[PDB]
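Chains as they are written, first to last, in the authors' numbering: chain C, 200 to 247; chain B, 546 to 595.
Think of the CB as a built atom: it goes at the ideal place given N, C-alpha and C, for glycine as much as any other residue.
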Amino acid sequence: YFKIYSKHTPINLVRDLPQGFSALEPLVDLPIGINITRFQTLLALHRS
Amino acid sequence: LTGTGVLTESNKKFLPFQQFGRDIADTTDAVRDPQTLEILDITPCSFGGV
Ligand SMILES: *[C@@H]1O[C@H](CO)[C@@H](O)[C@H](O)[C@H]1NC(C)=O
Ligand SMILES: *[C@@H]1O[C@H](CO)[C@@H](O)[C@H](O)[C@H]1NC(C)=O
Numbered sequence: 200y201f202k203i204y205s206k207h208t209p210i211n212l213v214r215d216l217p218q219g220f221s222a223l224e225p226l227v228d229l230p231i232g233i234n235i236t237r238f239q240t241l242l243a244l245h246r247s
Numbered sequence: 546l547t548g549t550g551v552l553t554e555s556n557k558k559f560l561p562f563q564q565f566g567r568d569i570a571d572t573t574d575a576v577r578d579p580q581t582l583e584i585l586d587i588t589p590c591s592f593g594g595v
């Protein structure tokens, strides 16, 4: 069972993590049923 | 979820992933109606010593 908990927070700090409290609400409970041991996030390029 | 209690209109605001609410004894004291999404307190029926 793949659980997604999410929270969006308006911040204005430049570099590091803000210091504060914000509880993450569950967003999507996802029925995959597969083995996961390694992950990788996706970025986007800018071309000019 | 079966039970017996007085149903009253509730001021609690459930998050959309929440269906019911539990008290100290883990009995459902607040519930969301599954047809019209509104919250109801469930106060128990009166108990007395005769
Ligand atoms: C999940 O994958 C890892 C690495 O491939 C492996 O060591 C492990 O035994 C796997 N677990 C299951 C339940 O297949
Ligand atoms: C049926 O239930 C949904 C919630 O699942 C609700 O949004 C809708 O208003 C209900 N319709 C009727 C006719 O009760």
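Residue(s) in a DSSP beta bridge with residue i
i	result
B:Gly593	B:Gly593 is not bridged to any residue.
B:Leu546	Bridge partners of B:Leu546: none, in fact.
B:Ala575	B:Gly566 and B:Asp586
C:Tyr200	Paired residues: none, contrary to the question.
residue 290 of chain C	The requested residue 290 of chain C does not occur in the structure, where chain C is confined to residues 200 to 247.
B:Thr553	B:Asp586
C:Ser205	C:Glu224
>> If you measure from each CB to the nearest heavy atom of ligand 1 and keep those under 5 angstroms, what residues do you get, in chain order?
In response: C:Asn234 and C:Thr236
> Within the structure, which residues are defined as neighbours of ligand 2 by a Cβ-heavy atom distance below 7 angstroms, reported in chain order?
Replying inline: B:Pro579, B:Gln580, B:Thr581 and B:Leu582
> Counting pairs of Cβ atoms below 8 angstroms between the region 550-560 of chain B and the region 229-237 of chain C, do you hit three or more?
Replying inline: no
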